[PDB]
Structure formats: structure tokens, C-alpha cells
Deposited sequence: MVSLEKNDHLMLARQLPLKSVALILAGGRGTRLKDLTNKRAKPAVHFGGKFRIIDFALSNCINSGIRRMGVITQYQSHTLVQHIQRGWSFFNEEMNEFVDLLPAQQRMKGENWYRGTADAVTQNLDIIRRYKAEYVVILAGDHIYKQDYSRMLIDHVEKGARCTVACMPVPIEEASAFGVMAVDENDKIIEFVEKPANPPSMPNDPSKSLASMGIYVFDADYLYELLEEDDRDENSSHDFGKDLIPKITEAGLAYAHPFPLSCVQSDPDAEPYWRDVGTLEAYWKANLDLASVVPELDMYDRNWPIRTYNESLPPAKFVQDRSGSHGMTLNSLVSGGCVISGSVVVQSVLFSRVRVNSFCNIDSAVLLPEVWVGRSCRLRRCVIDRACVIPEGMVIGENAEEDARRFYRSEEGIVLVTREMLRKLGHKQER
């Protein structure tokens, strides 16, 4: 009795916003991945922060290895309603991942937390960490990992594990070439999610042992979790027990955005008729730096004609004139002149599309300025020559790609 409320108070979160995502070729060149925009007005890291608040954890330690400017500006601007007088703060702790928490160890000790929540903030999900902690304490563990079945065809990109009846870790392997399958199913492999919970005093004792190691890669998956697994102190936490989902019949939603295609497919999943991820949830609202923007102004074309939309999102500040829109997502302050045709696109902020454009299966970067008459996504080899094109068919367009093409982005 009186445990669920108490446990978040004694813990602190360590978002590992390292922004690698090397598959996002040029999208993360000038910004860490956690600060990638997603679903209108949000960043990715808000999904990690908002799950910390709504789960009760109001002490959060961001660890931006990249030392990025936009992430700092976002945390500073949006997540700046906290006062340390009440023991609620977002701490920016600039610097393998595991070593990165060792340099800021002397600060983390000053929090004097009993437990800690390691998070990878370059993911999209909803989870109630308090429900995870309860499962950590009831088992009397030292390390609680968030496990989730995934297809074996991509299990090589995560850490795979094998558990007993009591969710105790028996075997663990980090990024195997031939992932072991679950015993009751060959087509899937129980995978880690980059969400760990540690009892603090064990971690501090453990990291120093790793800091002195001359061979450790200083990574959680490759160095520490196998060591704890050898020690027999690690336990698992099936993610569906904690996944916040309106429909209990639906599957858990955890989207690794590691590549471009999944970024596009995940942003458009919002625009569909029945989204898998519900932002309208009022019991788990997601927060962000919400700048003041005028309403989404649709207008008539130069010819006085109307504009069509079909299964699309339109943020604040946008401006659209005529210009058939389909299956697309328009971020803030976008401008779309007349006679355009946009189909299954993702337009990041402050874009300015000219007249008579035609876009199909594209991802436009921030503040690009497409010229008049540009056509994208209809001829593969042409688009591959000008811009980057993935094997799936998706196209990416950044300021530099156009800059080299001779168009002007000064505006």
C-alpha cells in the first residue's frame, strides 16, 4: 500500500538523446535525431519526456552527446515550467552510450535516487514507467529490461534475450548476426527496447568497474547487460503490461525510426483514418514547445478555384491555395502556392513550395524552398540523381541538395 506514488519520487530518468540514427542519412546531419520533428508540432524526445511526467518521474537527465543547439533550445523553451524547489527539473547533462553516463556520475549522485530509468529518447512509444518500477520491486531485482517480441528478420538490430518462467534473464546477446528465436515461435525474437531500470547504488558501483575496464566498449548492450546476465540479477518486463493504448485489442506501439522509410510511414500513420498512435488521448497528453501560430489558412488559387484535402494533417501557420493534398503531413508555417499536387508527403517546417509542383512519396527538410514546376517521385532515376532516394521508394530533400542544384534558399 502507498508504493506506486512513492516509487517515482525516489527515481530519476536518464534520456540518452545521443542522436546517432546513421540510417537517416542527411536528415540528422545538422540536428541530433531526438530533435527530429514528428507529427506536426512535436519532436521525438517529447515522447520520452512525456512518458516520464505522466508516469510520475519529474526529474529527467538529458544526455546530449552531440551537444546540439536545437534540442537545448527546445528543452529550454518548452520544458521550462519546472522549479527545483519542488524537486522537479530537466537537467541538461552534456558530455559508446554507457560511458557517457559515467562522466556525469558526480551530478547524478547529488540527486540521491534509489532507482533510475535509463531511456533511449530517439524512439517513439508510450509507456508508464511507474507500472514498470512496480514490476522491478516486486521481483526484487537489480536490472529490469523492457522486452518486446519483434520479427526475427530485423532482430539483428536490437539486443536479443532468453528468459525463464519468472522473467529472469538466462541468455543475452547484443546485435547478433543470427538472432535466436523465441521457443514458442520461430518467426519472432524477444528483443530489448533500450529501456532499463537500475537500482542506483548497484549502477554506480558497476559503472566504475566498467570505467576501469580497458577493453569494454562502454555500451549498455555490449558490456553491462551481459555482465549482469552472467550475475543472474537481471529481470524482464513485458512491454504490453505497461503500454498505454486506448484499444486493448491493438498491438503495442513501439516504432524505431532508425531509417527514413519508417519515419515517413510513421508520420503518415497519423493521417490515416484510424491511427495506431493516438495523440488525442487526454489521460496521456504529449507536451511540446507550442509556438503561437495563426490558423491554417486555406485560400483560393490564382484562378479563384478551391482546394482539396484527403486524409491529411495541417498544422498551425500553414497556408494552402487550391493545391490538391492527399495522405500528407504539413508541419508549421508551410506555404503551398497554387496548382500543386501533393501525395503521401511529409513537409517539415517553413517550407515554401512554388506553383505547379507535384510531389509523391517525399520528405522535405526544414525551411527548404522548392522552385516552381518541380516534380518529385514520378521518375526514380531523375530523383536519385538530384536527391537521395531509399530502396523502398522514399525521397529526401534537404537545403543542401537544392543548393548544389542552383536554386536559391536565401528567402
query: Missing segments of the deposited chain sequence, listed N- to C-terminal; finding: 1 to 9, 105 to 115
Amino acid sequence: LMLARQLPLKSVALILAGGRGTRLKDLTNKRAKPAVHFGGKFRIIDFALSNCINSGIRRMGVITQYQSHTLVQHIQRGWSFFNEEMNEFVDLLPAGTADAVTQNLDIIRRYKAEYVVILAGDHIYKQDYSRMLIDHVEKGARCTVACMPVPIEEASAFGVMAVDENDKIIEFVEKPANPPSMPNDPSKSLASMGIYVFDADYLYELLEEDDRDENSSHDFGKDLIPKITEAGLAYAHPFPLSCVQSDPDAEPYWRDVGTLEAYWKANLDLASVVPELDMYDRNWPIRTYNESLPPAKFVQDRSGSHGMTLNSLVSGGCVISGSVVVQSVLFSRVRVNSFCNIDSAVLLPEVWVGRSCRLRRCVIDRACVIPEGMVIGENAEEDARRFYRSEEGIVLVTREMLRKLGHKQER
From here on, numbers count along this sequence of modelled residues.
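What we label the rigid core is the largest C-alpha set whose atoms superpose within 1.5 Å from one form to the other.
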{"property": "Higher-deviation segment by CA RMS in 5 other deposited structures of this protein, core fitted, 234 to 242 or 67 to 75", "result": "67 to 75"}
